[PDB]
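Raw input28.txt, compact mmCIF, C-alpha atoms and all ligand atoms:
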```
# COMPACT_ATOMS: atom_id res chain seq x y z
CA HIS N 4 -1.98 -13.90 -31.23
CA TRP N 5 -1.86 -14.35 -27.50
CA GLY N 6 -3.53 -12.18 -24.95
CA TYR N 7 -5.72 -12.25 -21.84
CA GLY N 8 -9.20 -12.58 -23.39
CA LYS N 9 -11.45 -15.59 -23.35
CA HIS N 10 -10.36 -16.46 -26.89
CA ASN N 11 -6.60 -15.98 -26.58
CA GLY N 12 -5.83 -16.01 -22.81
CA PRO N 13 -3.92 -18.30 -20.44
CA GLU N 14 -6.05 -21.38 -21.18
CA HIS N 15 -5.12 -21.21 -24.87
CA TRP N 16 -1.40 -20.44 -24.62
CA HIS N 17 -0.26 -24.05 -24.55
CA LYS N 18 -1.29 -24.61 -28.19
CA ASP N 19 1.44 -22.28 -29.50
CA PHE N 20 3.66 -22.53 -26.41
CA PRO N 21 3.52 -26.16 -25.18
CA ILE N 22 5.91 -25.31 -22.28
CA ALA N 23 2.82 -23.67 -20.74
CA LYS N 24 2.25 -27.17 -19.30
CA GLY N 25 5.96 -27.54 -18.28
CA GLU N 26 7.61 -28.58 -15.02
CA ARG N 27 8.60 -25.13 -13.82
CA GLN N 28 5.88 -22.68 -14.79
CA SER N 29 5.06 -19.39 -13.07
CA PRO N 30 3.35 -17.87 -11.21
CA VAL N 31 2.58 -20.12 -8.25
CA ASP N 32 0.72 -19.89 -5.00
CA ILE N 33 3.16 -19.34 -2.13
CA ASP N 34 1.93 -21.55 0.73
CA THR N 35 3.68 -19.81 3.61
CA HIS N 36 3.36 -22.79 5.92
CA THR N 37 5.04 -25.10 3.38
CA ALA N 38 7.84 -22.71 2.43
CA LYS N 39 11.02 -23.37 4.43
CA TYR N 40 13.56 -20.90 5.79
CA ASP N 41 16.88 -21.50 4.03
CA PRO N 42 19.97 -20.43 6.00
CA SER N 43 22.12 -21.10 2.86
CA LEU N 44 20.59 -17.98 1.16
CA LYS N 45 23.20 -15.29 1.03
CA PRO N 46 22.16 -11.67 1.67
CA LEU N 47 20.21 -10.14 -1.22
CA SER N 48 21.73 -7.02 -2.96
CA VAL N 49 19.67 -4.59 -5.00
CA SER N 50 22.00 -2.00 -6.47
CA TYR N 51 19.96 0.49 -8.45
CA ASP N 52 21.74 3.79 -7.69
CA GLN N 53 23.21 4.00 -11.27
CA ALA N 54 20.06 2.87 -13.05
CA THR N 55 19.49 4.54 -16.41
CA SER N 56 15.91 4.37 -17.52
CA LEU N 57 15.21 5.16 -21.16
CA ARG N 58 11.63 4.76 -22.30
CA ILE N 59 8.15 3.52 -21.44
CA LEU N 60 6.27 1.39 -23.98
CA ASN N 61 2.66 0.09 -24.19
CA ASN N 62 3.25 -3.32 -25.80
CA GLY N 63 -0.41 -4.31 -25.96
CA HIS N 64 -0.12 -6.59 -22.90
CA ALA N 65 1.27 -4.24 -20.23
CA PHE N 66 3.66 -1.27 -20.22
CA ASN N 67 7.41 -1.70 -19.89
CA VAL N 68 9.88 0.79 -18.40
CA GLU N 69 13.13 -0.01 -20.20
CA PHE N 70 16.67 0.47 -18.97
CA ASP N 71 20.10 0.75 -20.51
CA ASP N 72 21.60 -2.67 -19.84
CA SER N 73 24.83 -2.23 -21.87
CA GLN N 74 26.88 -2.03 -18.67
CA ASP N 75 26.40 -3.14 -15.07
CA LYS N 76 24.34 -0.06 -13.97
CA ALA N 77 21.36 -1.53 -12.12
CA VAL N 78 22.03 -5.02 -10.88
CA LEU N 79 20.66 -7.74 -8.59
CA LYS N 80 23.05 -10.09 -6.77
CA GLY N 81 23.07 -12.30 -3.70
CA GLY N 82 20.13 -14.20 -2.24
CA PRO N 83 19.74 -17.41 -4.23
CA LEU N 84 21.73 -15.97 -7.13
CA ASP N 85 25.27 -16.82 -8.38
CA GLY N 86 26.75 -13.89 -10.23
CA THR N 87 25.28 -10.68 -11.44
CA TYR N 88 21.94 -9.93 -13.07
CA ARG N 89 21.33 -6.70 -14.96
CA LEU N 90 17.97 -4.88 -14.91
CA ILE N 91 16.50 -4.65 -18.42
CA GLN N 92 12.90 -3.59 -17.76
CA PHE N 93 10.06 -3.52 -15.27
CA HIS N 94 6.34 -3.86 -15.78
CA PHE N 95 3.16 -4.65 -13.82
CA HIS N 96 0.19 -6.95 -13.89
CA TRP N 97 -3.11 -5.71 -12.45
CA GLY N 98 -6.82 -6.36 -12.16
CA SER N 99 -10.15 -4.81 -13.06
CA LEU N 100 -10.96 -4.62 -9.34
CA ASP N 101 -8.76 -4.36 -6.24
CA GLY N 102 -9.35 -7.99 -5.22
CA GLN N 103 -7.32 -9.44 -8.07
CA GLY N 104 -4.40 -8.57 -10.33
CA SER N 105 -1.38 -10.28 -8.87
CA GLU N 106 0.18 -13.34 -10.52
CA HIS N 107 1.74 -14.92 -7.45
CA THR N 108 -0.60 -15.45 -4.53
CA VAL N 109 0.21 -15.80 -0.83
CA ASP N 110 -1.88 -18.47 0.90
CA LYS N 111 -4.27 -17.99 -2.05
CA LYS N 112 -4.51 -14.20 -1.40
CA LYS N 113 -4.54 -12.12 -4.56
CA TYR N 114 -3.09 -8.62 -4.42
CA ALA N 115 -4.34 -5.70 -6.55
CA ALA N 116 -1.22 -5.78 -8.75
CA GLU N 117 2.31 -7.13 -9.01
CA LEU N 118 5.53 -5.39 -10.14
CA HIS N 119 8.14 -7.44 -12.03
CA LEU N 120 11.72 -6.14 -12.27
CA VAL N 121 13.32 -8.34 -14.94
CA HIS N 122 17.07 -9.01 -14.91
CA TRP N 123 19.40 -11.18 -17.02
CA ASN N 124 22.54 -13.07 -16.01
CA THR N 125 25.59 -11.22 -17.35
CA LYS N 127 27.52 -14.49 -17.81
CA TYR N 128 25.41 -14.99 -21.01
CA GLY N 129 26.25 -11.65 -22.56
CA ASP N 130 22.77 -10.60 -23.88
CA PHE N 131 19.13 -11.10 -22.85
CA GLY N 132 18.45 -13.32 -25.92
CA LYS N 133 21.19 -15.75 -24.96
CA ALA N 134 20.13 -15.63 -21.31
CA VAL N 135 16.65 -16.88 -22.22
CA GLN N 136 18.24 -20.09 -23.56
CA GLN N 137 19.59 -20.92 -20.09
CA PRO N 138 18.06 -22.41 -16.93
CA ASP N 139 19.64 -19.64 -14.81
CA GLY N 140 19.34 -16.89 -17.39
CA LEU N 141 16.90 -14.54 -15.66
CA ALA N 142 16.00 -13.26 -12.19
CA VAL N 143 12.70 -11.51 -11.64
CA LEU N 144 12.11 -9.47 -8.49
CA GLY N 145 8.38 -9.53 -7.79
CA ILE N 146 6.67 -7.00 -5.52
CA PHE N 147 3.01 -7.05 -4.54
CA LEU N 148 0.85 -3.91 -4.63
CA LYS N 149 -2.03 -3.33 -2.25
CA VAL N 150 -4.34 -0.31 -2.31
CA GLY N 151 -3.91 2.12 0.52
CA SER N 152 -1.68 5.15 0.69
CA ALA N 153 -0.05 6.53 -2.50
CA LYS N 154 3.46 5.37 -3.48
CA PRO N 155 5.31 8.58 -4.27
CA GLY N 156 7.94 6.83 -6.38
CA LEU N 157 5.18 5.43 -8.64
CA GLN N 158 3.60 8.76 -9.49
CA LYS N 159 5.93 9.63 -12.39
CA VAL N 160 4.89 6.35 -14.02
CA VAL N 161 1.21 7.09 -13.47
CA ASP N 162 1.50 10.57 -14.90
CA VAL N 163 3.05 9.42 -18.23
CA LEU N 164 0.39 6.78 -18.94
CA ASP N 165 -1.91 9.21 -20.79
CA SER N 166 0.84 9.51 -23.40
CA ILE N 167 1.08 5.76 -24.04
CA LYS N 168 -2.60 4.88 -23.96
CA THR N 169 -2.62 2.43 -26.88
CA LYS N 170 -0.55 -0.45 -28.12
CA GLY N 171 2.65 0.59 -29.82
CA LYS N 172 2.95 3.99 -28.21
CA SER N 173 6.10 4.92 -26.28
CA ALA N 174 7.46 7.97 -24.48
CA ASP N 175 10.80 9.14 -23.14
CA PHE N 176 11.23 7.97 -19.57
CA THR N 177 14.72 8.98 -18.64
CA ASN N 178 15.90 9.71 -15.12
CA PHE N 179 13.44 7.40 -13.33
CA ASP N 180 14.71 5.91 -10.09
CA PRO N 181 13.32 2.37 -9.50
CA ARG N 182 14.50 2.50 -5.85
CA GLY N 183 11.28 4.40 -5.21
CA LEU N 184 9.23 1.25 -5.99
CA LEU N 185 10.71 -0.95 -3.26
CA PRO N 186 9.21 -1.69 0.17
CA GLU N 187 11.30 -1.30 3.36
CA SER N 188 12.10 -5.00 3.81
CA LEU N 189 13.96 -7.25 1.36
CA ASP N 190 12.65 -10.44 2.99
CA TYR N 191 11.65 -12.80 0.19
CA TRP N 192 10.53 -16.16 -1.06
CA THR N 193 12.37 -17.80 -3.97
CA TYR N 194 11.80 -20.68 -6.38
CA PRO N 195 12.74 -21.71 -9.92
CA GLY N 196 10.12 -20.79 -12.53
CA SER N 197 9.35 -19.19 -15.84
CA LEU N 198 8.29 -16.09 -17.67
CA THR N 199 4.58 -15.58 -16.98
CA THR N 200 3.72 -14.53 -20.53
CA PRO N 201 4.50 -16.26 -23.80
CA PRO N 202 7.06 -17.51 -24.65
CA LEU N 203 6.81 -18.87 -21.01
CA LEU N 204 10.50 -19.83 -21.00
CA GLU N 205 11.75 -21.69 -17.93
CA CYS N 206 14.74 -19.49 -17.22
CA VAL N 207 13.75 -17.52 -14.14
CA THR N 208 14.90 -17.49 -10.53
CA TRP N 209 11.90 -15.83 -8.89
CA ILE N 210 12.50 -13.59 -5.88
CA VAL N 211 9.13 -12.45 -4.46
CA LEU N 212 9.24 -9.88 -1.67
CA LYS N 213 7.13 -10.57 1.40
CA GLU N 214 6.33 -6.90 2.06
CA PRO N 215 3.81 -5.36 -0.40
CA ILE N 216 4.05 -1.72 -1.38
CA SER N 217 0.96 0.42 -0.94
CA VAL N 218 -0.39 2.41 -3.91
CA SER N 219 -3.45 4.64 -3.94
CA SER N 220 -6.78 3.86 -5.48
CA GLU N 221 -6.17 6.73 -7.91
CA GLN N 222 -2.80 5.34 -9.01
CA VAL N 223 -4.19 1.89 -9.85
CA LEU N 224 -7.29 3.45 -11.48
CA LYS N 225 -4.92 5.12 -13.96
CA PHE N 226 -3.38 1.75 -14.87
CA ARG N 227 -6.87 0.55 -15.71
CA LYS N 228 -7.41 3.40 -18.24
CA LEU N 229 -4.70 2.03 -20.54
CA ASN N 230 -5.78 0.15 -23.66
CA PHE N 231 -4.83 -3.26 -25.03
CA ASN N 232 -5.79 -2.07 -28.53
CA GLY N 233 -4.01 0.19 -30.96
CA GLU N 234 -4.96 3.79 -31.82
CA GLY N 235 -8.06 4.00 -33.98
CA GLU N 236 -9.29 0.54 -32.91
CA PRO N 237 -12.23 -0.15 -30.54
CA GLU N 238 -11.30 0.36 -26.94
CA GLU N 239 -10.33 -2.65 -24.85
CA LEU N 240 -9.32 -1.53 -21.33
CA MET N 241 -5.98 -3.01 -20.23
CA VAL N 242 -7.12 -4.82 -17.09
CA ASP N 243 -6.76 -8.40 -15.81
CA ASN N 244 -3.41 -8.93 -17.58
CA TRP N 245 -2.35 -11.67 -15.10
CA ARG N 246 -1.76 -15.39 -15.45
CA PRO N 247 -3.24 -17.43 -12.61
CA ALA N 248 -1.19 -19.72 -10.37
CA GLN N 249 0.27 -22.84 -12.03
CA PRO N 250 1.04 -26.28 -10.58
CA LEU N 251 4.02 -26.31 -8.22
CA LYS N 252 5.13 -29.76 -9.46
CA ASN N 253 8.55 -30.82 -8.07
CA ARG N 254 9.45 -27.48 -6.48
CA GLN N 255 10.18 -26.13 -3.03
CA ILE N 256 9.73 -22.49 -2.17
CA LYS N 257 12.43 -21.17 0.16
CA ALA N 258 12.12 -18.24 2.54
CA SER N 259 14.93 -15.83 3.37
CA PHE N 260 13.44 -15.07 6.80
CA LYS N 261 12.66 -17.03 9.92
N1 LIG N 301 6.74 -12.31 -19.15
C1 LIG N 301 7.88 -11.59 -18.91
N2 LIG N 301 8.33 -11.23 -17.73
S1 LIG N 301 7.60 -11.79 -16.38
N3 LIG N 301 6.03 -11.47 -16.46
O1 LIG N 301 7.80 -13.21 -16.29
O2 LIG N 301 8.23 -11.01 -15.31
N4 LIG N 301 8.62 -11.21 -19.99
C2 LIG N 301 8.30 -11.57 -21.38
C3 LIG N 301 9.51 -11.06 -22.14
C4 LIG N 301 10.44 -10.39 -21.18
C5 LIG N 301 9.87 -10.50 -19.82
ZN ZN N 302 5.43 -9.95 -15.40
```
Representation of the structure as structure tokens:
Amino acid sequence: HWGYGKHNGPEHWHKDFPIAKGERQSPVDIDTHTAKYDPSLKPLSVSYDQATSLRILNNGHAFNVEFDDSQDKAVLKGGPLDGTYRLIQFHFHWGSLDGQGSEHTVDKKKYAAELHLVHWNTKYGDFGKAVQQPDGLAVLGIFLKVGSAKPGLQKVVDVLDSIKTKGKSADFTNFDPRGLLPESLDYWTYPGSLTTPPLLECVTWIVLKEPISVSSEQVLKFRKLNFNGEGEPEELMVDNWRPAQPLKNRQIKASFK
């Protein structure tokens, strides 16, 4: 089944998921000189004050922090978006070393990791119906660089020892995702896809320009997770990123001059 190894990683995914070679795949390199400021972009709105986190899960690829999405409680609106998108989960992608780990790149620069806050368009009623639509999802992407610790990340770091292996989960109520955001909401946006199988082309990507800083110790704890299940030989969960894909017929727009 799919993964990030030499035998089942990004170069193999197209055999089971032919849209891997599609017209609107993610991630991409963001060429900052080619991106164009778009004055049509409405102000972006991240409204997370009522977020209700539930659980953290090691799914064998990354770890997901899941939210209650039964009601408009944590939502993304504005920017390139029409309507309202509800937060369902966040997760990260990261490297074995600090010089790689992000999925998107900025003028070919790779960051140490990348946070994805995944949201679905409430006009489609459920996440499963949203992923049958070209405007079903919005993913807010945030780069991580190593420097000072991110206080709002530490509760995530500290629970990882309890979800070391694939299939393990833990309660993760009362987590505030506002603590993962940088100061600025300046962003780039383009139409793309999920970056893991099934690679569905449903996503409006919103990638923040400002990275957050996390400490070396925080990212080192990500790298102690395991891809494998309990009782199986240890496979460190590192380098769970897809590289940049062809831009094809797309324009990346900037929210900032
Ligand atoms: N790959 C994904 N999100 S991402 N990496 O495109 O943000 N997902 C797969 C199922 C739900 C979200
Ligand atoms: Zn992701």
Site check for ligand ZN 302 (chain N): residues at most 7 Å away, all atoms listed in the file, as an mmCIF file with C-alpha atoms, keeping the file's coordinate frame:
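Produced file pocket33.cif, reproduced below:
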```
data_model
loop_
_atom_site.group_PDB
_atom_site.id
_atom_site.type_symbol
_atom_site.label_atom_id
_atom_site.label_comp_id
_atom_site.auth_asym_id
_atom_site.auth_seq_id
_atom_site.Cartn_x
_atom_site.Cartn_y
_atom_site.Cartn_z
ATOM 1 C CA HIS N 94 6.340 -3.860 -15.780
ATOM 2 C CA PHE N 95 3.160 -4.650 -13.820
ATOM 3 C CA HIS N 96 0.190 -6.950 -13.890
ATOM 4 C CA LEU N 118 5.530 -5.390 -10.140
ATOM 5 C CA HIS N 119 8.140 -7.440 -12.030
ATOM 6 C CA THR N 199 4.580 -15.580 -16.980
#
```
For the contact check between chain N and ligand LIG 301 (chain N), emit one row per residue of chain N within 7 Å, containing the shortest atom pair and the distance in Å rounded to one decimal, counting only C-alpha atoms and all ligand atoms, chain then rising number order, as a Markdown table.
```
| residue | atom | partner | partner_atom | distance |
| --- | --- | --- | --- | --- |
| N:119 | CA | N:LIG301 | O2 | 4.8 |
| N:120 | CA | N:LIG301 | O2 | 6.7 |
| N:121 | CA | N:LIG301 | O2 | 5.8 |
| N:143 | CA | N:LIG301 | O2 | 5.8 |
| N:197 | CA | N:LIG301 | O1 | 6.2 |
| N:198 | CA | N:LIG301 | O1 | 3.2 |
| N:199 | CA | N:LIG301 | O1 | 4.1 |
| N:200 | CA | N:LIG301 | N1 | 4.0 |
| N:201 | CA | N:LIG301 | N1 | 6.5 |
| N:202 | CA | N:LIG301 | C2 | 6.9 |
| N:203 | CA | N:LIG301 | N1 | 6.8 |
```
For each of N:16, N:194, N:51, N:97, take the minimum atom-to-atom distance to residue 242 in chain N, counting all atoms listed in the file, then give the residue where this is smallest.
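Closest candidate: N:97.
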Spatial neighbours of residue 175 in chain N, max dist 10 Å, only C-alpha atoms, sep filter under 4 positions, as a VMD selection string
chain N and resid 56 to 60 68 to 69 163 166
Contacts of residue 241 in chain N within 9 Å, only C-alpha atoms, excl. fewer than 2 positions in-chain, as a VMD selection string
chain N and resid 63 to 65 97 to 99 226 to 232 239 243 to 244
List the neighbours of residue 29 in chain N out to 12 Å using all atoms listed in the file; skip same-chain residues closer than 4 positions along the sequence, and give me the result as a ChimeraX atom specification.
/N:13,22-25,33,105-108,143,145,193-211,245-252,254
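Reported to one decimal place, the separation of CA of residue 86 in chain N from CA of residue 182 in chain N is 20.9 Å.
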If you measure from CA of residue 12 in chain N to CA of residue 93 in chain N, what distance in Å do you get, rounded to one decimal?
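One can read the CA of residue 12 in chain N to CA of residue 93 in chain N distance as 21.6 Å.
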So, with only C-alpha atoms as the atoms that count, which of N:259, N:136, N:37, N:50 lies closest to residue 185 in chain N?
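Using only C-alpha atoms, the shortest distance to residue 185 in chain N belongs to N:50.
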Between CA of residue 216 in chain N and CA of residue 190 in chain N, what distance in Å does the model show, to one decimal?
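Between these atoms lies a distance of 13.0 Å.
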Surrounding residues of residue 217 in chain N excluding itself and chain neighbours under 2 positions, 9 Å, only C-alpha atoms, as a PyMOL selection string
chain N and resi 147-154+186+215+219
For residue 129 in chain N, which of N:49, N:141, N:44, N:240 is the closest residue, counting all atoms listed in the file?
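Nearest candidate to residue 129 in chain N out of N:49, N:141, N:44, N:240: N:141.
Proximity to residue 220 in chain N was assessed for N:115, N:90, N:84, N:79 counting only C-alpha atoms; the smallest distance is recorded for N:115.
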Would you mind telling me which residue in N:213, N:27, N:159, N:36 lies nearest to residue 189 in chain N when using all atoms listed in the file?
N:213
Measuring atom to atom with only C-alpha atoms, identify which of N:158, N:43, N:87, N:255 is nearest to residue 142 in chain N.
N:87
Taking the structure in the block just given, could you write range 156-247 of chain N with C-alpha atoms, as a PDB file, in the first residue's frame?
```
ATOM      1  CA  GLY N 156       1.508  26.561  20.931  1.00  0.00           C
ATOM      2  CA  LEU N 157       3.117  23.431  19.410  1.00  0.00           C
ATOM      3  CA  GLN N 158       4.436  22.010  22.655  1.00  0.00           C
ATOM      4  CA  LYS N 159       1.225  20.217  23.695  1.00  0.00           C
ATOM      5  CA  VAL N 160       1.374  18.343  20.383  1.00  0.00           C
ATOM      6  CA  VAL N 161       5.021  17.438  20.909  1.00  0.00           C
ATOM      7  CA  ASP N 162       4.401  16.188  24.415  1.00  0.00           C
ATOM      8  CA  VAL N 163       1.634  13.726  23.394  1.00  0.00           C
ATOM      9  CA  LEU N 164       3.669  12.076  20.625  1.00  0.00           C
ATOM     10  CA  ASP N 165       5.219   9.457  22.947  1.00  0.00           C
ATOM     11  CA  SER N 166       1.698   8.100  23.430  1.00  0.00           C
ATOM     12  CA  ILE N 167       1.018   7.633  19.711  1.00  0.00           C
ATOM     13  CA  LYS N 168       4.394   6.306  18.627  1.00  0.00           C
ATOM     14  CA  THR N 169       3.164   3.621  16.218  1.00  0.00           C
ATOM     15  CA  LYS N 170       0.623   3.300  13.469  1.00  0.00           C
ATOM     16  CA  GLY N 171      -2.928   2.946  14.706  1.00  0.00           C
ATOM     17  CA  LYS N 172      -2.393   4.511  18.096  1.00  0.00           C
ATOM     18  CA  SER N 173      -4.515   7.492  19.171  1.00  0.00           C
ATOM     19  CA  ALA N 174      -4.908   9.651  22.268  1.00  0.00           C
ATOM     20  CA  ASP N 175      -7.406  12.151  23.603  1.00  0.00           C
ATOM     21  CA  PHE N 176      -6.507  15.629  22.423  1.00  0.00           C
ATOM     22  CA  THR N 177      -9.309  17.812  23.608  1.00  0.00           C
ATOM     23  CA  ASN N 178      -9.008  21.509  24.353  1.00  0.00           C
ATOM     24  CA  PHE N 179      -6.184  22.245  21.896  1.00  0.00           C
ATOM     25  CA  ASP N 180      -6.200  25.737  20.434  1.00  0.00           C
ATOM     26  CA  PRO N 181      -4.895  25.785  16.812  1.00  0.00           C
ATOM     27  CA  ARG N 182      -4.574  29.604  16.963  1.00  0.00           C
ATOM     28  CA  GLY N 183      -1.253  28.942  18.675  1.00  0.00           C
ATOM     29  CA  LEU N 184       0.158  27.469  15.425  1.00  0.00           C
ATOM     30  CA  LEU N 185      -0.287  30.577  13.280  1.00  0.00           C
ATOM     31  CA  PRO N 186       2.376  33.183  12.406  1.00  0.00           C
ATOM     32  CA  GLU N 187       1.691  36.922  12.877  1.00  0.00           C
ATOM     33  CA  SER N 188       0.914  37.680   9.218  1.00  0.00           C
ATOM     34  CA  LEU N 189      -1.862  36.144   7.110  1.00  0.00           C
ATOM     35  CA  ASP N 190      -0.211  37.188   3.824  1.00  0.00           C
ATOM     36  CA  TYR N 191      -0.488  34.237   1.448  1.00  0.00           C
ATOM     37  CA  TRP N 192      -0.123  32.683  -1.944  1.00  0.00           C
ATOM     38  CA  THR N 193      -3.024  30.720  -3.449  1.00  0.00           C
ATOM     39  CA  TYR N 194      -3.577  28.298  -6.324  1.00  0.00           C
ATOM     40  CA  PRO N 195      -5.864  25.394  -7.251  1.00  0.00           C
ATOM     41  CA  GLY N 196      -4.386  21.974  -6.449  1.00  0.00           C
ATOM     42  CA  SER N 197      -4.853  18.608  -4.852  1.00  0.00           C
ATOM     43  CA  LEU N 198      -4.406  16.485  -1.791  1.00  0.00           C
ATOM     44  CA  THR N 199      -0.689  15.696  -1.494  1.00  0.00           C
ATOM     45  CA  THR N 200      -1.205  12.073  -0.443  1.00  0.00           C
ATOM     46  CA  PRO N 201      -3.273   9.368  -2.087  1.00  0.00           C
ATOM     47  CA  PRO N 202      -6.026   9.579  -3.191  1.00  0.00           C
ATOM     48  CA  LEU N 203      -4.471  12.856  -4.603  1.00  0.00           C
ATOM     49  CA  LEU N 204      -7.925  14.289  -5.356  1.00  0.00           C
ATOM     50  CA  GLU N 205      -8.011  17.619  -7.191  1.00  0.00           C
ATOM     51  CA  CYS N 206     -10.370  19.396  -4.838  1.00  0.00           C
ATOM     52  CA  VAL N 207      -8.174  21.843  -2.958  1.00  0.00           C
ATOM     53  CA  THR N 208      -7.847  25.619  -2.911  1.00  0.00           C
ATOM     54  CA  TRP N 209      -4.368  25.973  -1.443  1.00  0.00           C
ATOM     55  CA  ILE N 210      -3.636  28.963   0.791  1.00  0.00           C
ATOM     56  CA  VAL N 211       0.073  28.970   1.718  1.00  0.00           C
ATOM     57  CA  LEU N 212       1.180  31.571   4.261  1.00  0.00           C
ATOM     58  CA  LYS N 213       4.266  33.602   3.412  1.00  0.00           C
ATOM     59  CA  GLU N 214       5.463  33.870   7.031  1.00  0.00           C
ATOM     60  CA  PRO N 215       6.928  30.622   8.459  1.00  0.00           C
ATOM     61  CA  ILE N 216       6.539  29.771  12.111  1.00  0.00           C
ATOM     62  CA  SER N 217       9.677  28.975  14.078  1.00  0.00           C
ATOM     63  CA  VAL N 218       9.891  25.699  16.032  1.00  0.00           C
ATOM     64  CA  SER N 219      12.831  24.481  18.089  1.00  0.00           C
ATOM     65  CA  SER N 220      15.263  21.787  17.138  1.00  0.00           C
ATOM     66  CA  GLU N 221      13.935  19.746  20.070  1.00  0.00           C
ATOM     67  CA  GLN N 222      10.333  20.035  18.887  1.00  0.00           C
ATOM     68  CA  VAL N 223      11.098  18.763  15.370  1.00  0.00           C
ATOM     69  CA  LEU N 224      13.415  16.055  16.777  1.00  0.00           C
ATOM     70  CA  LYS N 225      10.380  14.652  18.612  1.00  0.00           C
ATOM     71  CA  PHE N 226       8.421  14.439  15.348  1.00  0.00           C
ATOM     72  CA  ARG N 227      11.255  12.338  13.960  1.00  0.00           C
ATOM     73  CA  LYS N 228      10.940   9.766  16.808  1.00  0.00           C
ATOM     74  CA  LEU N 229       7.488   8.693  15.626  1.00  0.00           C
ATOM     75  CA  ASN N 230       7.179   5.410  13.723  1.00  0.00           C
ATOM     76  CA  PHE N 231       5.593   4.539  10.388  1.00  0.00           C
ATOM     77  CA  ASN N 232       5.205   0.928  11.573  1.00  0.00           C
ATOM     78  CA  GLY N 233       2.757  -0.656  13.958  1.00  0.00           C
ATOM     79  CA  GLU N 234       3.511  -1.848  17.512  1.00  0.00           C
ATOM     80  CA  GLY N 235       5.550  -5.025  17.577  1.00  0.00           C
ATOM     81  CA  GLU N 236       6.900  -4.485  14.037  1.00  0.00           C
ATOM     82  CA  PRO N 237      10.483  -3.410  13.156  1.00  0.00           C
ATOM     83  CA  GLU N 238      11.025   0.266  13.675  1.00  0.00           C
ATOM     84  CA  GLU N 239      10.767   2.600  10.698  1.00  0.00           C
ATOM     85  CA  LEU N 240      11.246   6.228  11.821  1.00  0.00           C
ATOM     86  CA  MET N 241       8.501   8.531  10.517  1.00  0.00           C
ATOM     87  CA  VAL N 242      10.652  11.021   8.601  1.00  0.00           C
ATOM     88  CA  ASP N 243      10.610  12.369   5.033  1.00  0.00           C
ATOM     89  CA  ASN N 244       6.818  12.019   4.708  1.00  0.00           C
ATOM     90  CA  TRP N 245       6.638  14.743   2.003  1.00  0.00           C
ATOM     91  CA  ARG N 246       5.753  14.682  -1.674  1.00  0.00           C
ATOM     92  CA  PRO N 247       8.089  16.760  -3.832  1.00  0.00           C
TER      93      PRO N 247
END
```
